[PDB]
Peer 1: 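Just passing along the structure, written as structure tokens.
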Protein chains: 2
Amino acid sequence: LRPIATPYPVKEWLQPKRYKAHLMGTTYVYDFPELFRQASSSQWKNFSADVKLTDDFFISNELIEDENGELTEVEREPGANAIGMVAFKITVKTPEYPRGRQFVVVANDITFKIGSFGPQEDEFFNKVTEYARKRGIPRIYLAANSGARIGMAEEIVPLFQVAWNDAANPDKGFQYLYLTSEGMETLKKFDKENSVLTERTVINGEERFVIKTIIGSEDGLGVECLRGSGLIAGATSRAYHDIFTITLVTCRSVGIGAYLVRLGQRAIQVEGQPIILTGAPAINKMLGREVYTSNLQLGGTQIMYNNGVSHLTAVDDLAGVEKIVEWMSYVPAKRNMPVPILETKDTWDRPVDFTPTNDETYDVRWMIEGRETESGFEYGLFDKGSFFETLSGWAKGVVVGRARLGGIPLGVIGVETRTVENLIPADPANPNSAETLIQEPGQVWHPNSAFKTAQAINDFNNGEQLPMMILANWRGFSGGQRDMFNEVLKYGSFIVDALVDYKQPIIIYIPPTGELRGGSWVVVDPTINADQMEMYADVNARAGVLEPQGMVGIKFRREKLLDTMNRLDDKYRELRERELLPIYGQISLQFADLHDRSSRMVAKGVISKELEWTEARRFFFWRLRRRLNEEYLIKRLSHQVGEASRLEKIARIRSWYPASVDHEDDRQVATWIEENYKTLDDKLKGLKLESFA
Amino acid sequence: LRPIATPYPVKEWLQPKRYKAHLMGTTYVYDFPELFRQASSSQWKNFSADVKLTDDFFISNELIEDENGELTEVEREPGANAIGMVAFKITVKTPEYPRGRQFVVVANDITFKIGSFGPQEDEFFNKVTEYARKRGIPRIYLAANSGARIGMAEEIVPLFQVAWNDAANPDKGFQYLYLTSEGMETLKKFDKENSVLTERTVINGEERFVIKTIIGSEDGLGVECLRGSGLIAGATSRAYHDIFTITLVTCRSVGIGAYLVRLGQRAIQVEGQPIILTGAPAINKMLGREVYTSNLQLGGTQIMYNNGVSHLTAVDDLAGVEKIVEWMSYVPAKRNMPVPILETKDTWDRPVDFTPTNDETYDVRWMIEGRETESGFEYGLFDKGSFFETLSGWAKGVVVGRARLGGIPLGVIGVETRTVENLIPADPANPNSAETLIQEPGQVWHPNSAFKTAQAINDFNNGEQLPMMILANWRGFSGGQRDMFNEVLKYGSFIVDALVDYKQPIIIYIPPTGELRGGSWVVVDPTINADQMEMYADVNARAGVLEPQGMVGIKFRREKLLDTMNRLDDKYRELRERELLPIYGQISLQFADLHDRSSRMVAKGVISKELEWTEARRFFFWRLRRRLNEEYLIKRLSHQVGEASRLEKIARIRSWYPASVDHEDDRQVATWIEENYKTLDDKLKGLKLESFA
Ligand SMILES: Cc1ccc2c(c1)C(=O)CC1(CCN(C(=O)c3cccc4cn[nH]c34)CC1)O2
Ligand SMILES: Cc1ccc2c(c1)C(=O)CC1(CCN(C(=O)c3cccc4cn[nH]c34)CC1)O2
């Protein structure tokens with residue numbers, strides 16, 4: 001017992017497994033729930049400093065398999081786990097779910113055979129994943145492991161005999177390995193005959209049983225661990241599409257552990273805790289040479305956060321847990337429940353302060369969440385303090401996160417107008433290599449940023465089930481050699497696919513200093529998913545196929561200007577100057593630019609409305625809210641009557657509005673619906689009068 | 001008329017549009033069907049040199065929109081198209097479908113406003129895409145274009161007036177652009193008032209109508225072309241998941257044209273015909289500098305074939321058409337029809353000749369399709385001449401294509417054991433840059449090869465609807481710094497996702513000199529998709545978590561060998577040599593290797609069977625054939641009874657076999673089913689006795 005004379009019991013002595021975990025620089029698995037209690041309690045504090053919280057706000061029940069392999073809740077001593085995988089069901093009252101929401105936490109035990117995945121761990125992880133999926137609820141995975149479990153048949157180590165070519169000269173080889181009759185008998189003795197596959201051949205003297213295959217009595221040595229690995233890889237692929245999935249990397253995550261991190265998509269990596277496939281010793285031992293000094297060179301945050309495998313980093317375990325709790329605060333309590341409304345003091349009903357100018361450089365984040373000034377806070381488009389940026393280490397020409405809009409949680413995607421200096425480090429395996437600077441111009445989709453954009457749309461849709469706003473402001477894709485070689489069209493096309501799959505409302509909005517040209521517009525037009533998408537342009541946006549320089553280059557050429565210098569008298573009167581080129585070219589540029597305006601977009605039927613930035617918060621608040629309400633009714637009509645298109649479903653529902661409701665007044669439509677949900681419900685129950693063959 | 005005194009009419013004079021296309025180095029659009037007739041006729045020739053083919057074997061009917069926008073078939077003069085997009089419905093008798101199969105060919109007209117996509121082209125392309133999708137039939141797109149259509153309001157060019165700061169000194173700017181009352185009247189005169197948005201302000205002298213926005217009378221100038229672009233981008237995303245899609249790039253494909261190429265996935269690029277986003281003049285004009293000399297530097301085959309955007313190249317248009325026809329020969333006639341059986345002279349019932357050895361280097365393609373020797377043809381695993389490699393320009397450590405197995409068409413994926421020297425060219429925009437050689441070790445998944453593997457699985461599943469065989473032989477993923485930075489875990493995880501989605505039979509087979517280790521096995525284990533996947537190991541395969549060097553490094557350490565030198569007398573008798581290390585280490589290596597055997601895999605329940613290569617063709621022929629037959633019955637049972645798992649569906653169907661059928665004899669089960677399809681049909685019709693609420 002050490003230290004002595006402490007005020008309360010030494011928890012690291014009561015259960016030495018807790019000391020072991022600490023010695024490995026991670027939280028002991030059975031203490032994680034307390035981190036979730038601490039994190040959940042900080043959420044309430046940050047939401048409402050004066051709320052009275054008791055311990056009944058938060059409950060963690062460990063899940064174990066009963067005798068039939070069915071998951072049950074138990075309360076027991078930390079460290080009684082007979083497998084190296086453990087899980088808890090948490091029921092917590094949160095600001096978004098003040099009567100409670102649930103989720104599972106599954107976690108390796110790094111103290112149990114080094115957190116290795118053997119068959120039983122893989123089976124339990126899989127049962128836990130299905131438990132959550134069946135229930136609709138989020139699955140949090142706390143990754144701390146050494147990959148698949150390995151081993152030899154240790155019983156065979158002291159028994160085997162090597163059949164030498166030349167007995168007293170071992171030097172020039174052996175023929176095979178074998179068992180004597182006392183080997184065979186020692187095995188039969190312990191009921192381990194199964195451990196080995198033998199071919200009998202008596203060579204001169206005696207019977208030698210030849211080892212043809214070593215099997216082993218002990219489960220968890222090889223391919224059976226690989227089978228379980230793939231089971232939980234597929235289980236996690238599937239869960240991503242089904243529930244909110246997230247992982248926290250808190251000691252090494254290795255092999256299957258690294259795959260699990262990526263497969264669950266959403267990942268938070270504690271600094272200094274690597275995500276690796278193979279360790280540096282093994283890699284080095286295979287290159288002869290000592291290329292690598294640290295597993296952090298292969299999968300630290302400087303690899304994975306810079307990659308987009310790690311969506312965030314965290315300074316320690318609690319911080320990562322708080323980032324999880326925070327990320328969940330935007331997400332339905334379970335699959336297909338409504339997105340959690342959270343109204344804060346920043347209420348919908350205000351103008352938007354921070355307005356960008358073409359003159360001046362800006363951080364797009366100011367437009368999103370607003371900006372601190374010396375004259376005080378300039379409010380952005382979304383609720384103050386509500387912006388939770390993710391994938392912030394990678395592809396920095398796009399900005400992604402969650403935010404709230406008068407309380408409505410949504411995915412947000414914006415464009416970074418500033419040039420990214422993407423510094424790529426040298427490969428220590430290549431002595432030739434130097435660190436490389438890639439400069440990434442703003443408003444320009446590169447392969448990284450296109451990949452990030454599609455990834456974001458997918459991660460908003462799947463599990464999060466969030467509506468979305470894209471603050472679209474791209475000049476196009478980089479069509480140069482390097483970017484085209486590096487497969488920009490592939491990543492770009494993923495954006496289309498992502499939109500086609502989207503199941504919640506989407507708003508595309510070209511902001512006040514913004515543009516959408518050419519390739520850019522293709523990938524984001526609402527006809528890609530008319531059921532869910534709408535587009536809007538700020539009165540101070542531009543759009544069309546080419547920029548003005550581009551358009552004049554093709555349709556206001558050197559000879560068309562000249563004809564236009566019959567707006568001049570000096571030139572007019574010279575038939576039977578030409579250093580007004582400077583300004584006649586500016587005139588052509590301006591003539592092109594006059595096509596590229598929101599008024600043209602409206603005229604042409606390509607946007608639902610032109611907008612005013614300062615008024616955009618109010619507009620979108622009621623638009624989005626009206627959309628959520630109508631989607632809810634489309635869904636009810638769909639759980640019921642059966643076969644009709646979206647267009648017939650929305651027209652039936654809208655035929656139910658009072659004749660004086662203006663179908664195009666968002667606030668009115670939302671208001672009427674919310675006053676009459678239960679009356680509508682009555683109507684829907686009547687429509688379940690369905691002899692439909 | 002030129003030339004004169006030709007034997008038959010000059011087709012390029014009869015329709016000068018044909019001369020124009022030729023002048024642009026492409027086939028005139030209305031002559032493509034004849035290429036499909038020529039290609040289809042060569043298929044029959046290569047299949048059966050002595051078949052009598054008449055012209056009624058092949059029919060091309062042009063599809064136009066009638067007055068209601070509904071697609072109808074017409075026969076008319078080439079060159080009467082009023083839009084720059086054209087389409088044909090082809091009904092051809094082929095060796096796989098000797099009574100005929102159908103598909104649509106949609107194509108830009110490069111002679112019609114440079115093959116530009118305006119709204120009407122985009123609308124027609126979309127209607128054609130849905131026509132095919134509704135019918136289930138393949139959509140071939142022949143891409144020859146200049147991207148979205150552009151334009152200014154040309155009526156406004158001669159009318160506009162510039163409001164100078166200083167009239168007789170143009171030099172220091174203008175304030176705006178405007179229309180006089182005679183401008184306004186000239187517009188009203190032609191019914192083009194709409195063309196422009198004006199604000200009236202009388203400045204000293206007269207009324208100036210200020211141009212606030214130019215709209216234009218002429219459709220097809222800007223954003224309305226971008227709307228149609230996104231419509232057909234989404235339409236093509238959707239079609240990929242629905243029907244066989246393929247594209248041939250035959251003049252430039254630009255902007256939306258390039259996206260369409262990628263979105264349809266399967267692409268064949270005629271040499272010298274670029275796939276670009278923005279042209280080199282525009283790119284250069286924007287860099288000031290002249291970086292690029294050729295659109296081929298940005299999207300020629302040396303970019304796109306090397307990328308995997310272009311699955312194949314073709315030497316000219318006909319060759320590309322033949323590659324299409326050939327690719328289709330593996331594919332159902334329409335969605336959800338059975339895969340097309342084509343038995344050739346290489347019949348199932350033979351051993352496999354080409355066998356790889358660990359001693360000698362081999363091309364895995366020899367194992368697939370076989371090999372020409374001086375002693376004559378050594379047959380591979382699949383039908384002689386049946387192997388159609390795709391994505392052969394990219395990620396060459398995997399080998400992908402279609403093949404046939406006793407006539408059964410399937411996707412095949414194999415591993416290239418030879419090192420790839422992936423030479424990456426220099427970026428002409430970066431004066432610093434040199435060409436780089438990447439060496440890619442064999443049996444090692446890199447990000448490119450993992451991406452290719454997942455892409456292939458997806459492209460076999462979607463539209464092709466093919467079963468698949470993977471000849472799995474990977475040591476693992478590259479876990480070093482460069483490959484981990486370049487996001488290997490992302491591409492690897494796509495393989496898992498691809499398998500989860502697969503809807504036809506999958507066979508995973510570790511071949512005779514092969515291995516599957518660690519990360520590699522995770523991504524391909526059949527528990528990822530148990531409904532469709534099965535695994536097998538050759539008796540001469542290896543598998544487990546680590547290679548033997550790896551395992552001894554952890555579990556046969558320096559002190560465990562020493563104990564094992566109580567197999568020696570010289571060392572034994574020394575208590576109260578050590579340059580038998582060389583050979584005691586080899587012994588440990590061998591002891592590890594003895595765990596890694598197919599016999600262990602069987603013992604452990606991880607493979608369905610251990611196999612013998614030479615016998616593998618026969619085994620898999622009946623296995624696959626029995627699987628197709630059972631899938632067909634699972635599907636019928638599913639179109640009917642309603643709600644049951646795959647496991648209950650297969651057990652019901654198998655309960656219908658005669659009691660003497662051995663459920664595990666593939667040939668017997670297949671034979672019984674094929675003898676009794678119509679009797680089974682009778683049974684299924686009886687089970688439609690469903691009061692199920
Ligand atoms: C590094 C980077 C930055 C911006 C970019 C790109 C690359 C691209 O490759 C596409 C694009 C699209 C808009 N563009 C145009 O519309 C245009 C077209 C033709 C000529 C001119 C001249 N200036 N801008 C032009 C210029 C090129 O935007
Ligand atoms: C360039 C390249 C080539 C092959 C590779 C890789 C990289 C990887 O990064 C993974 C792996 C997996 C199999 N490996 C192993 O199983 C193993 C593990 C531990 C030590 C040793 C020593 N040799 N082989 C070892 C060695 C490493 O295969």
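Every number for a ligand or one of its atoms is a count from 1 in the order of the listing. Heavy atoms only: backbone and side chains are in, while hydrogens, waters and symmetry mates are out. Sequence lines set the chain letters: A, B, ... in the order given, protein chains first and strands last, and positions in each chain run from 1.
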Peer 1: Give me the residue, atom name and distance of the protein heavy atom closest to atom 28 (O) of ligand 1.
Peer 2: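 Looking at atom 28 (O) of ligand 1, the protein heavy atom closest to it is A/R475 CB, 3.9 Å.
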Peer 1: Between the side chains of A/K396 and A/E440, is the shortest nitrogen-to-carboxylate-oxygen separation below 4.0 Å, so that they form an ion pair?
Peer 2: no
Peer 1: How close does the nearest protein non-hydrogen atom get to atom 14 (N) of ligand 2, and which residue and atom is it?
Peer 2: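 Minimum-distance protein heavy atom for atom 14 (N) of ligand 2 reads B/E547 OE1, 3.4 Å.
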Peer 1: Just need the protein heavy atom nearest to atom 27 (C) of ligand 2, so name the residue and atom and give the distance.
Peer 2: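 Answer, as residue, atom name and distance: A/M286 SD, 3.6 Å.
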Peer 1: Heavy-atom distance to atom 4 (C) of ligand 1: which of B/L298, B/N284, A/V444 wins?
Peer 2: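 Of the listed residues, A/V444 has the closest heavy atom.
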Peer 1: Measure the distance from atom 17 (C) of ligand 1 to every protein heavy atom, then report the residue, atom name and distance (to 0.1 Å) of the closest one.
Peer 2: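 Residue, atom and distance for the closest contact: A/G550 CA, 4.0 Å.
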Peer 1: Taking only heavy atoms of B/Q549 into account, list the atoms of ligand 2 that are under 4.0 Å away from them.
Peer 2: 22 (C), 23 (N)
Peer 1: Distance to 0.1 Å, residue and atom name: give those for the protein heavy atom nearest to atom 6 (C) of ligand 2.
Peer 2: B/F477 O, 3.9 Å
Peer 1: Could you tell me the residue and atom name of the protein heavy atom closest to atom 19 (C) of ligand 1, and the distance to it rounded to 0.1 Å?
Peer 2: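 The closest one turns out to be B/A282 CB, 3.3 Å.
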Peer 1: Side chain, backbone, both or neither: which part of B/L546 has a heavy atom under 4.0 Å from ligand 2?
Peer 2: both
Peer 1: Determine, using heavy atoms of B/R517 and all atoms of ligand 2, whether some pair is separated by less than 4.0 Å.
Peer 2: no
Peer 1: Using a strict cut-off of 4.0 Å, indicate which atoms of ligand 1 neighbour a heavy atom of A/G479.
Peer 2: 8 (C), 9 (O)
